[PDB]
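Residue numbers (the UniProt record's numbering), protein chains in the order written: chain A, 215 to 267; chain B, 215 to 267.
Here it is, written out as structure tokens:
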């Protein structure tokens, strides 16, 4: 009885977790797009549909 | 007679208990849920139905 009471007091209400933080860190997708000196900007190749007025 | 009186005096009104504290300590259920770096918090995966206004 004493040992079981001691075990219950020591364990308290501890709940086991099966997993920690997942080791797969990357969530985005790799950027495979080219980048040439003809690009209007580092993020846009052209401004094709743009109308000045 | 003397022996029976001595036994009655020594035992008094002691009542036997068939069981002590049960040795099964855990009462909660194990947390099997994953935890990724995409989670908004350690306890919530997302905030899907939440509206800002």
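C-beta atoms are modelled at their ideal positions from N, C-alpha and C, and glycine is treated no differently.
Can you list, in chain order, the residues of the stretch 233–244 of chain B whose Cβ is nearer than 8 Å to any Cβ on chain A?
-> 234, 235, 236, 237, 239, 240, 241, 242, 243 and 244
At a CB-CB cut-off below 7 Å, which residues of chain A make contact with residue 259/B?
-> Those within 7 Å of residue 259/B in chain A number zero; the least Cβ separation is about 12 Å.
Among 262/B, 221/B and 239/B, which has the Cα closest to the Cα of residue 229/A?
-> 239/B
Take residue 249/B as the anchor and find which of 261/A, 267/A and 236/A has the nearest alpha-carbon.
-> 236/A
Quick one, are the C-beta atoms of residue 262/B and residue 254/B less than 8 Å apart?
-> no
Cut-off 8 Å between Cβ atoms - residues of its own chain near residue 256/B, not counting five sequence neighbours on either side | 249
Could you tell me the boundaries of the alpha helix (DSSP H) in which residue 225/B lies?
-> 216–225
Return yes when at least one heavy atom of the ligand MG lies under 7 Å from the C-beta of residue 229/A, else no.
-> The model depicted lacks the ligand MG and carries no ligand whatsoever.
Which class does residue 231/A belong to by DSSP, given the choice of helix, strand or coil?
-> strand
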